[PDB]
Each structure stands twice: as C-alpha cells, then as structure tokens.
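Source file upload_21.pdb; content: PDB, C-alpha atoms.
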```
ATOM      1  CA  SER A   1      12.526 -33.496  -5.005
ATOM      2  CA  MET A   2      13.197 -29.958  -3.785
ATOM      3  CA  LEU A   3      10.595 -27.247  -4.478
ATOM      4  CA  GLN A   4      12.459 -24.781  -6.704
ATOM      5  CA  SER A   5      12.176 -21.048  -5.992
ATOM      6  CA  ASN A   6      12.440 -18.828  -9.088
ATOM      7  CA  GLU A   7      12.466 -15.042  -9.468
ATOM      8  CA  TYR A   8      12.512 -12.898 -12.606
ATOM      9  CA  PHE A   9      12.426  -9.213 -13.499
ATOM     10  CA  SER A  10      13.867  -8.100 -10.151
ATOM     11  CA  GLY A  11      11.147  -9.911  -8.226
ATOM     12  CA  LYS A  12       8.172  -8.802 -10.331
ATOM     13  CA  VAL A  13       7.605 -12.455 -11.276
ATOM     14  CA  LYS A  14       8.110 -15.292  -8.807
ATOM     15  CA  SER A  15       7.387 -18.994  -9.177
ATOM     16  CA  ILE A  16       7.726 -22.315  -7.357
ATOM     17  CA  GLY A  17       8.782 -25.297  -9.462
ATOM     18  CA  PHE A  18       7.652 -28.842  -8.722
ATOM     19  CA  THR A  19       6.793 -32.142 -10.367
ATOM     20  CA  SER A  20       3.771 -34.370  -9.818
ATOM     21  CA  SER A  21       2.161 -37.227 -11.695
ATOM     22  CA  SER A  22      -0.875 -35.113 -12.596
ATOM     23  CA  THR A  23       1.099 -32.080 -13.874
ATOM     24  CA  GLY A  24       4.474 -33.329 -14.992
ATOM     25  CA  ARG A  25       7.118 -30.703 -14.354
ATOM     26  CA  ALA A  26       5.327 -27.485 -13.520
ATOM     27  CA  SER A  27       5.408 -24.237 -11.597
ATOM     28  CA  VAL A  28       2.931 -21.966  -9.910
ATOM     29  CA  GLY A  29       3.664 -18.280  -9.879
ATOM     30  CA  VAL A  30       2.573 -14.665  -9.710
ATOM     31  CA  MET A  31       3.243 -11.759 -12.039
ATOM     32  CA  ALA A  32       3.039  -8.254 -10.609
ATOM     33  CA  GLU A  33       1.593  -5.384 -12.639
ATOM     34  CA  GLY A  34       3.929  -4.940 -15.584
ATOM     35  CA  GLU A  35       4.842  -6.041 -19.095
ATOM     36  CA  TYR A  36       7.041  -9.056 -19.786
ATOM     37  CA  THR A  37       8.599 -11.198 -22.495
ATOM     38  CA  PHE A  38       9.559 -14.781 -21.629
ATOM     39  CA  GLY A  39      11.468 -17.177 -23.826
ATOM     40  CA  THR A  40      10.487 -20.837 -23.791
ATOM     41  CA  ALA A  41      12.559 -24.002 -23.882
ATOM     42  CA  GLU A  42       9.972 -26.730 -23.396
ATOM     43  CA  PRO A  43       6.507 -25.845 -24.713
ATOM     44  CA  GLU A  44       4.330 -24.409 -21.961
ATOM     45  CA  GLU A  45       0.687 -24.808 -21.007
ATOM     46  CA  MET A  46      -0.410 -21.829 -18.898
ATOM     47  CA  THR A  47      -3.557 -21.883 -16.764
ATOM     48  CA  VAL A  48      -4.628 -18.615 -15.174
ATOM     49  CA  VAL A  49      -5.245 -19.202 -11.460
ATOM     50  CA  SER A  50      -6.378 -15.688 -10.475
ATOM     51  CA  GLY A  51      -6.679 -12.362 -12.242
ATOM     52  CA  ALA A  52      -6.034 -11.949 -15.940
ATOM     53  CA  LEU A  53      -3.105 -12.246 -18.335
ATOM     54  CA  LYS A  54      -3.152 -10.352 -21.633
ATOM     55  CA  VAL A  55      -0.923 -12.318 -23.978
ATOM     56  CA  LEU A  56       0.665 -11.967 -27.418
ATOM     57  CA  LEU A  57       1.463 -15.477 -28.679
ATOM     58  CA  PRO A  58       3.725 -16.592 -31.537
ATOM     59  CA  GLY A  59       1.980 -16.582 -34.885
ATOM     60  CA  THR A  60      -0.466 -13.818 -33.960
ATOM     61  CA  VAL A  61      -0.416 -10.017 -33.995
ATOM     62  CA  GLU A  62      -3.509  -9.804 -31.766
ATOM     63  CA  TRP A  63      -3.439  -9.717 -27.950
ATOM     64  CA  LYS A  64      -5.869 -11.965 -26.098
ATOM     65  CA  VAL A  65      -7.022 -11.806 -22.482
ATOM     66  CA  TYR A  66      -7.146 -15.011 -20.442
ATOM     67  CA  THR A  67      -9.018 -15.048 -17.131
ATOM     68  CA  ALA A  68      -9.170 -17.456 -14.200
ATOM     69  CA  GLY A  69      -9.409 -21.073 -15.292
ATOM     70  CA  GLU A  70      -8.572 -20.351 -18.926
ATOM     71  CA  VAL A  71      -5.667 -22.104 -20.617
ATOM     72  CA  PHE A  72      -3.255 -21.130 -23.366
ATOM     73  CA  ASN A  73      -0.278 -22.837 -24.968
ATOM     74  CA  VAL A  74       3.114 -21.452 -25.939
ATOM     75  CA  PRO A  75       5.332 -23.412 -28.362
ATOM     76  CA  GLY A  76       8.774 -24.514 -27.310
ATOM     77  CA  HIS A  77      11.958 -22.757 -28.402
ATOM     78  CA  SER A  78       9.963 -19.548 -28.756
ATOM     79  CA  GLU A  79       8.742 -16.583 -26.709
ATOM     80  CA  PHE A  80       5.573 -14.848 -25.597
ATOM     81  CA  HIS A  81       4.603 -11.441 -24.259
ATOM     82  CA  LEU A  82       2.335 -10.403 -21.400
ATOM     83  CA  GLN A  83       0.592  -7.308 -20.103
ATOM     84  CA  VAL A  84      -0.492  -7.604 -16.478
ATOM     85  CA  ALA A  85      -2.790  -4.906 -15.065
ATOM     86  CA  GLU A  86      -2.606  -6.095 -11.437
ATOM     87  CA  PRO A  87      -1.140  -9.228  -9.844
ATOM     88  CA  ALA A  88      -2.172 -12.445 -11.586
ATOM     89  CA  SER A  89      -1.312 -16.006 -10.614
ATOM     90  CA  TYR A  90      -0.821 -19.003 -12.863
ATOM     91  CA  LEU A  91       0.044 -22.678 -13.202
ATOM     92  CA  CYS A  92       2.619 -23.458 -15.897
ATOM     93  CA  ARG A  93       3.219 -26.986 -17.202
ATOM     94  CA  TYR A  94       6.473 -27.660 -19.065
ATOM     95  CA  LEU A  95       5.505 -30.124 -21.768
TER
ATOM     96  CA  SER B   1       3.548  -4.020  -3.563
ATOM     97  CA  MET B   2       6.342  -6.574  -3.275
ATOM     98  CA  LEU B   3       5.574 -10.241  -4.016
ATOM     99  CA  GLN B   4       6.285 -11.991  -0.709
ATOM    100  CA  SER B   5       8.270 -15.240  -0.672
ATOM    101  CA  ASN B   6       7.313 -17.649   2.131
ATOM    102  CA  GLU B   7       8.778 -21.014   3.143
ATOM    103  CA  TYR B   8       7.649 -23.459   5.823
ATOM    104  CA  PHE B   9       8.673 -26.878   7.113
ATOM    105  CA  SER B  10      12.267 -26.548   5.904
ATOM    106  CA  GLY B  11      11.158 -25.848   2.343
ATOM    107  CA  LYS B  12       8.489 -28.546   2.052
ATOM    108  CA  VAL B  13       5.881 -25.793   1.650
ATOM    109  CA  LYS B  14       6.571 -22.625  -0.319
ATOM    110  CA  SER B  15       4.237 -19.788  -1.245
ATOM    111  CA  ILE B  16       4.166 -16.390  -2.954
ATOM    112  CA  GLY B  17       2.022 -13.716  -1.309
ATOM    113  CA  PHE B  18       0.268 -10.990  -3.281
ATOM    114  CA  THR B  19      -2.832  -8.803  -3.313
ATOM    115  CA  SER B  20      -5.232  -8.128  -6.166
ATOM    116  CA  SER B  21      -8.721  -6.716  -6.484
ATOM    117  CA  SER B  22     -10.145 -10.105  -7.478
ATOM    118  CA  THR B  23      -8.488 -12.095  -4.650
ATOM    119  CA  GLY B  24      -7.828  -9.694  -1.824
ATOM    120  CA  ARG B  25      -4.676 -10.681   0.017
ATOM    121  CA  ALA B  26      -3.716 -14.130  -1.177
ATOM    122  CA  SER B  27      -0.911 -16.571  -1.860
ATOM    123  CA  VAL B  28      -0.205 -19.345  -4.325
ATOM    124  CA  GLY B  29       1.899 -22.218  -3.113
ATOM    125  CA  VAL B  30       2.997 -25.831  -3.291
ATOM    126  CA  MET B  31       3.120 -28.513  -0.623
ATOM    127  CA  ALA B  32       5.545 -31.387  -1.113
ATOM    128  CA  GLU B  33       4.632 -34.928  -0.090
ATOM    129  CA  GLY B  34       4.193 -34.836   3.669
ATOM    130  CA  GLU B  35       1.867 -34.132   6.577
ATOM    131  CA  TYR B  36       1.336 -30.647   7.978
ATOM    132  CA  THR B  37      -0.547 -28.598  10.548
ATOM    133  CA  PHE B  38      -1.017 -24.877   9.889
ATOM    134  CA  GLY B  39      -2.464 -22.344  12.287
ATOM    135  CA  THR B  40      -4.652 -19.584  10.892
ATOM    136  CA  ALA B  41      -4.929 -15.913  11.761
ATOM    137  CA  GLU B  42      -7.331 -14.604   9.144
ATOM    138  CA  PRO B  43      -9.851 -17.178   7.903
ATOM    139  CA  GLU B  44      -8.622 -18.885   4.751
ATOM    140  CA  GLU B  45     -10.288 -19.978   1.533
ATOM    141  CA  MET B  46      -8.176 -22.673  -0.134
ATOM    142  CA  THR B  47      -8.588 -23.636  -3.792
ATOM    143  CA  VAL B  48      -6.671 -26.665  -5.016
ATOM    144  CA  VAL B  49      -4.791 -25.722  -8.194
ATOM    145  CA  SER B  50      -3.213 -29.104  -8.991
ATOM    146  CA  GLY B  51      -3.080 -32.478  -7.300
ATOM    147  CA  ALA B  52      -5.010 -33.258  -4.147
ATOM    148  CA  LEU B  53      -5.063 -32.149  -0.521
ATOM    149  CA  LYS B  54      -6.465 -34.455   2.156
ATOM    150  CA  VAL B  55      -7.626 -32.180   4.949
ATOM    151  CA  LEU B  56      -8.857 -32.427   8.540
ATOM    152  CA  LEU B  57     -10.819 -29.248   9.314
ATOM    153  CA  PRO B  58     -11.951 -27.813  12.658
ATOM    154  CA  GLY B  59     -15.249 -29.247  13.828
ATOM    155  CA  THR B  60     -14.860 -32.611  12.072
ATOM    156  CA  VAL B  61     -13.089 -35.865  12.877
ATOM    157  CA  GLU B  62     -13.066 -37.170   9.296
ATOM    158  CA  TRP B  63     -10.580 -36.327   6.564
ATOM    159  CA  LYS B  64     -11.799 -35.123   3.185
ATOM    160  CA  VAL B  65      -9.938 -35.083  -0.128
ATOM    161  CA  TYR B  66     -10.080 -31.944  -2.277
ATOM    162  CA  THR B  67      -8.957 -32.117  -5.906
ATOM    163  CA  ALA B  68      -8.153 -29.531  -8.566
ATOM    164  CA  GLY B  69     -10.639 -26.681  -8.628
ATOM    165  CA  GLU B  70     -12.293 -27.645  -5.349
ATOM    166  CA  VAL B  71     -12.530 -25.127  -2.521
ATOM    167  CA  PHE B  72     -12.538 -25.420   1.254
ATOM    168  CA  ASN B  73     -12.639 -22.904   4.087
ATOM    169  CA  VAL B  74     -10.692 -22.774   7.335
ATOM    170  CA  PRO B  75     -11.914 -20.531  10.180
ATOM    171  CA  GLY B  76      -9.683 -17.819  11.546
ATOM    172  CA  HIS B  77      -7.746 -18.132  14.809
ATOM    173  CA  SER B  78      -7.733 -21.893  14.340
ATOM    174  CA  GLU B  79      -5.732 -24.637  12.615
ATOM    175  CA  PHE B  80      -6.053 -27.364  10.016
ATOM    176  CA  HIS B  81      -4.191 -30.518   9.053
ATOM    177  CA  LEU B  82      -3.116 -31.894   5.686
ATOM    178  CA  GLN B  83      -1.870 -35.130   4.181
ATOM    179  CA  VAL B  84      -0.191 -34.662   0.805
ATOM    180  CA  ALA B  85       0.642 -37.782  -1.226
ATOM    181  CA  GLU B  86       2.655 -35.963  -3.915
ATOM    182  CA  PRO B  87       3.186 -32.267  -4.661
ATOM    183  CA  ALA B  88      -0.040 -30.259  -4.736
ATOM    184  CA  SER B  89      -0.483 -26.581  -5.534
ATOM    185  CA  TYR B  90      -3.060 -24.173  -4.172
ATOM    186  CA  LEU B  91      -4.435 -20.640  -4.048
ATOM    187  CA  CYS B  92      -5.093 -19.320  -0.533
ATOM    188  CA  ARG B  93      -7.221 -16.229   0.120
ATOM    189  CA  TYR B  94      -6.872 -14.534   3.512
ATOM    190  CA  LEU B  95     -10.371 -13.324   4.301
TER
END
```
Take the structure in this file and express it as structure tokens.
Amino acid sequence: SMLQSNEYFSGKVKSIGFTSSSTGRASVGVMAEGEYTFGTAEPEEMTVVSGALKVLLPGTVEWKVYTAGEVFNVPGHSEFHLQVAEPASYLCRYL
Amino acid sequence: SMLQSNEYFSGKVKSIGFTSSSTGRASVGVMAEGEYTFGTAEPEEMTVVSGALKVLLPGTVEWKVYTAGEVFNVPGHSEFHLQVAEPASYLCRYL
C-alpha cells in the first residue's frame, strides 16, 4: 500500500492518500490561502486538523466556518466550495 | 509560501510542510506500517490525527502509545523512535 501524493491548483492544495482500518480510505492535506471548488466522487467526511475552512456545501446558500477538530460532510457525486484565509490542514475520509 | 512536499524512508513517510498563525511552522503527514527513528532540529509537538503511534521518547526506556487527538513532545537536537502498526497520520509543529 503506497502512500499516494496528490497536488491540485498548481500546488496550492496537497494531500497524502492512505488507507487504515480506523479511517478507511483517507487523505491528509493542506490548503494554502485561496478559494477552491472540489468535485466529489465518493462522499467525503472532512475534519479540520489546523486552521479554519470556510465552506459552502450542497443544499445551502450560507457559508459556514469550521475550525480545528470540527467535522463536515460532503455528499458524493457533488461539489463543495472553500475560502481559506491562511494555510489550513485537514483529514478527509472517502466514504 | 509554497507548500513543501517531504518524503522519507523511500516513501514510507510523507509530509506536507506549511506555516500558519495558529500552528507556526508545521507539517501534516502519514507514516506507513513500519519502524522509524527521526532526528530533531527544532523541538517538535506531535498530534496524532488518525490511527496510533507507539513512541520511545528521549529520557525514557518505555514505549507509549498515542491515539487520535493525543499530543506528545520531542526535545530539539535529539531523536525519537516509532512503531506504526498500520498507517497513522499526524500534525507536527516545529517549535
């Protein structure tokens, strides 16, 4: 099981993919200051590890800020939007 | 501020380095199943993000297991040892 390096948005988002019994398939990553839209295949459970992610989720027109230790879910076959004021790290589980 | 990709032990440990006001200089990473010794320059504060790290710290002869959300410190200019039973992710702050 190789640890999978991922990069998006010309290196403004980077992640490391892995699988473990306690997470299932997952990644940890960092988003630099910026604004991003990500499409989803599998549904995702995002846990903020450090910093803050301001997120616009499907089904809502309201942004919400998630800080360290907080969790949000994104449906599969969908997309979500982020504003990042300074680097923020996260754990993503692919459900 | 470029996100810094790091790899160690032929890809068995990978990390992403970043800096933010709430972390200082930091990295998030994953260790595959294995056993590792890392030297430190700056002192390190390690927070387990997922899984478990079994660690032998300077000044002790007994291993201790740290699980998700638990924190341990490693002195600077030193080293520490890890046993990893399956992939575990972490946040490291360089103090």
Skipping near chain neighbours, those fewer than 5 positions away, what residues fall within 6 Å of range 69-84 of chain B using only C-alpha atoms, listed as a PyMOL selection string? chain B and resi 33-49+53-57
Find the nearest atom pair between each residue of range 31-88 of chain A and range 1-18 of chain B for residues within 12 Å, count all atoms listed in the file, give distances in Å to one decimal, sort rows by chain and ascending number, and present the table as CSV.
```
residue,atom,partner,partner_atom,distance
A:31,CA,B:3,CA,8.5
A:32,CA,B:3,CA,7.3
A:33,CA,B:1,CA,9.4
A:50,CA,B:18,CA,10.9
A:51,CA,B:18,CA,11.4
A:86,CA,B:18,CA,9.9
A:87,CA,B:18,CA,6.9
A:88,CA,B:18,CA,8.8
```
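Residues selected in this file by the PyMOL selection byres ((chain B and resi 28) around 7) comprise residues 28 and 29 of chain A; 15, 16, 17, 27, 29, 90, 91 and 92 of chain B.
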Give the superposed chain A as a PDB file with C-alpha atoms, in the frame of the given file, the fit being least squares on chain B over all ordered C-alpha pairs.
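superposed10.pdb, written as the output of this step:
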```pdb
ATOM      1  CA  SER A   1       3.536  -4.025  -3.528  1.00  0.00           C
ATOM      2  CA  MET A   2       6.343  -6.576  -3.266  1.00  0.00           C
ATOM      3  CA  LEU A   3       5.572 -10.244  -4.010  1.00  0.00           C
ATOM      4  CA  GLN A   4       6.267 -11.984  -0.694  1.00  0.00           C
ATOM      5  CA  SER A   5       8.261 -15.232  -0.677  1.00  0.00           C
ATOM      6  CA  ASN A   6       7.322 -17.643   2.131  1.00  0.00           C
ATOM      7  CA  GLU A   7       8.783 -21.008   3.144  1.00  0.00           C
ATOM      8  CA  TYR A   8       7.654 -23.459   5.821  1.00  0.00           C
ATOM      9  CA  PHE A   9       8.657 -26.884   7.104  1.00  0.00           C
ATOM     10  CA  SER A  10      12.261 -26.566   5.907  1.00  0.00           C
ATOM     11  CA  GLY A  11      11.157 -25.839   2.352  1.00  0.00           C
ATOM     12  CA  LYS A  12       8.494 -28.548   2.054  1.00  0.00           C
ATOM     13  CA  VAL A  13       5.883 -25.796   1.644  1.00  0.00           C
ATOM     14  CA  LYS A  14       6.570 -22.621  -0.316  1.00  0.00           C
ATOM     15  CA  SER A  15       4.233 -19.787  -1.250  1.00  0.00           C
ATOM     16  CA  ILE A  16       4.168 -16.388  -2.953  1.00  0.00           C
ATOM     17  CA  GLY A  17       2.023 -13.715  -1.312  1.00  0.00           C
ATOM     18  CA  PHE A  18       0.268 -10.988  -3.281  1.00  0.00           C
ATOM     19  CA  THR A  19      -2.828  -8.811  -3.322  1.00  0.00           C
ATOM     20  CA  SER A  20      -5.226  -8.120  -6.181  1.00  0.00           C
ATOM     21  CA  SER A  21      -8.719  -6.711  -6.479  1.00  0.00           C
ATOM     22  CA  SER A  22     -10.152 -10.092  -7.483  1.00  0.00           C
ATOM     23  CA  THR A  23      -8.498 -12.096  -4.658  1.00  0.00           C
ATOM     24  CA  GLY A  24      -7.841  -9.704  -1.822  1.00  0.00           C
ATOM     25  CA  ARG A  25      -4.684 -10.684   0.012  1.00  0.00           C
ATOM     26  CA  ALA A  26      -3.721 -14.137  -1.175  1.00  0.00           C
ATOM     27  CA  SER A  27      -0.915 -16.566  -1.868  1.00  0.00           C
ATOM     28  CA  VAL A  28      -0.203 -19.337  -4.307  1.00  0.00           C
ATOM     29  CA  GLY A  29       1.903 -22.218  -3.128  1.00  0.00           C
ATOM     30  CA  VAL A  30       3.005 -25.830  -3.293  1.00  0.00           C
ATOM     31  CA  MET A  31       3.130 -28.511  -0.625  1.00  0.00           C
ATOM     32  CA  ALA A  32       5.552 -31.386  -1.110  1.00  0.00           C
ATOM     33  CA  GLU A  33       4.626 -34.929  -0.091  1.00  0.00           C
ATOM     34  CA  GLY A  34       4.202 -34.831   3.669  1.00  0.00           C
ATOM     35  CA  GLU A  35       1.870 -34.133   6.575  1.00  0.00           C
ATOM     36  CA  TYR A  36       1.333 -30.646   7.975  1.00  0.00           C
ATOM     37  CA  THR A  37      -0.548 -28.596  10.546  1.00  0.00           C
ATOM     38  CA  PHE A  38      -1.013 -24.873   9.891  1.00  0.00           C
ATOM     39  CA  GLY A  39      -2.458 -22.345  12.286  1.00  0.00           C
ATOM     40  CA  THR A  40      -4.653 -19.586  10.898  1.00  0.00           C
ATOM     41  CA  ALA A  41      -4.926 -15.911  11.756  1.00  0.00           C
ATOM     42  CA  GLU A  42      -7.336 -14.601   9.140  1.00  0.00           C
ATOM     43  CA  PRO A  43      -9.854 -17.183   7.907  1.00  0.00           C
ATOM     44  CA  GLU A  44      -8.622 -18.887   4.752  1.00  0.00           C
ATOM     45  CA  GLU A  45     -10.287 -19.993   1.536  1.00  0.00           C
ATOM     46  CA  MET A  46      -8.165 -22.681  -0.137  1.00  0.00           C
ATOM     47  CA  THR A  47      -8.588 -23.640  -3.792  1.00  0.00           C
ATOM     48  CA  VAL A  48      -6.671 -26.668  -5.022  1.00  0.00           C
ATOM     49  CA  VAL A  49      -4.787 -25.721  -8.196  1.00  0.00           C
ATOM     50  CA  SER A  50      -3.205 -29.107  -8.990  1.00  0.00           C
ATOM     51  CA  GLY A  51      -3.079 -32.483  -7.297  1.00  0.00           C
ATOM     52  CA  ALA A  52      -5.014 -33.262  -4.149  1.00  0.00           C
ATOM     53  CA  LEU A  53      -5.052 -32.146  -0.522  1.00  0.00           C
ATOM     54  CA  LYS A  54      -6.456 -34.451   2.157  1.00  0.00           C
ATOM     55  CA  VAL A  55      -7.620 -32.184   4.956  1.00  0.00           C
ATOM     56  CA  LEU A  56      -8.857 -32.435   8.546  1.00  0.00           C
ATOM     57  CA  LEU A  57     -10.820 -29.256   9.311  1.00  0.00           C
ATOM     58  CA  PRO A  58     -11.929 -27.814  12.660  1.00  0.00           C
ATOM     59  CA  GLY A  59     -15.206 -29.249  13.868  1.00  0.00           C
ATOM     60  CA  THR A  60     -14.769 -32.582  12.086  1.00  0.00           C
ATOM     61  CA  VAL A  61     -13.054 -35.883  12.873  1.00  0.00           C
ATOM     62  CA  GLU A  62     -13.262 -37.032   9.237  1.00  0.00           C
ATOM     63  CA  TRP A  63     -10.604 -36.345   6.584  1.00  0.00           C
ATOM     64  CA  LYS A  64     -11.785 -35.121   3.193  1.00  0.00           C
ATOM     65  CA  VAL A  65      -9.945 -35.085  -0.130  1.00  0.00           C
ATOM     66  CA  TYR A  66     -10.081 -31.953  -2.281  1.00  0.00           C
ATOM     67  CA  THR A  67      -8.956 -32.128  -5.910  1.00  0.00           C
ATOM     68  CA  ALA A  68      -8.148 -29.534  -8.561  1.00  0.00           C
ATOM     69  CA  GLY A  69     -10.651 -26.695  -8.638  1.00  0.00           C
ATOM     70  CA  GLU A  70     -12.291 -27.645  -5.346  1.00  0.00           C
ATOM     71  CA  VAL A  71     -12.523 -25.134  -2.516  1.00  0.00           C
ATOM     72  CA  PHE A  72     -12.531 -25.426   1.258  1.00  0.00           C
ATOM     73  CA  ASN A  73     -12.640 -22.906   4.082  1.00  0.00           C
ATOM     74  CA  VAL A  74     -10.690 -22.776   7.330  1.00  0.00           C
ATOM     75  CA  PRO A  75     -11.911 -20.533  10.178  1.00  0.00           C
ATOM     76  CA  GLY A  76      -9.684 -17.823  11.543  1.00  0.00           C
ATOM     77  CA  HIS A  77      -7.770 -18.134  14.807  1.00  0.00           C
ATOM     78  CA  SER A  78      -7.733 -21.898  14.327  1.00  0.00           C
ATOM     79  CA  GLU A  79      -5.731 -24.642  12.612  1.00  0.00           C
ATOM     80  CA  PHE A  80      -6.053 -27.367  10.012  1.00  0.00           C
ATOM     81  CA  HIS A  81      -4.185 -30.519   9.057  1.00  0.00           C
ATOM     82  CA  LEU A  82      -3.113 -31.896   5.688  1.00  0.00           C
ATOM     83  CA  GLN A  83      -1.865 -35.131   4.180  1.00  0.00           C
ATOM     84  CA  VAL A  84      -0.184 -34.665   0.809  1.00  0.00           C
ATOM     85  CA  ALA A  85       0.640 -37.781  -1.232  1.00  0.00           C
ATOM     86  CA  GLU A  86       2.663 -35.966  -3.920  1.00  0.00           C
ATOM     87  CA  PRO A  87       3.188 -32.268  -4.664  1.00  0.00           C
ATOM     88  CA  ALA A  88      -0.038 -30.259  -4.736  1.00  0.00           C
ATOM     89  CA  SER A  89      -0.480 -26.579  -5.530  1.00  0.00           C
ATOM     90  CA  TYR A  90      -3.059 -24.175  -4.171  1.00  0.00           C
ATOM     91  CA  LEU A  91      -4.434 -20.645  -4.049  1.00  0.00           C
ATOM     92  CA  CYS A  92      -5.100 -19.323  -0.540  1.00  0.00           C
ATOM     93  CA  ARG A  93      -7.216 -16.226   0.119  1.00  0.00           C
ATOM     94  CA  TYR A  94      -6.875 -14.532   3.514  1.00  0.00           C
ATOM     95  CA  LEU A  95     -10.374 -13.335   4.314  1.00  0.00           C
TER      96      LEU A  95
END
```
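The two atoms in question, CA of residue 20 in chain B and CA of residue 67 in chain A, are spaced 13.5 Å apart.
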Taken to one decimal, the CA of residue 24 in chain A-CA of residue 95 in chain A distance is 7.6 Å
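For the atom pair formed by CA of residue 89 in chain A and CA of residue 68 in chain A, the distance is 8.8 Å, given to one decimal.
With distances taken over all atoms listed in the file, B:26 is the one residue among B:64, B:59, B:94, B:26 lying closest to chain A.
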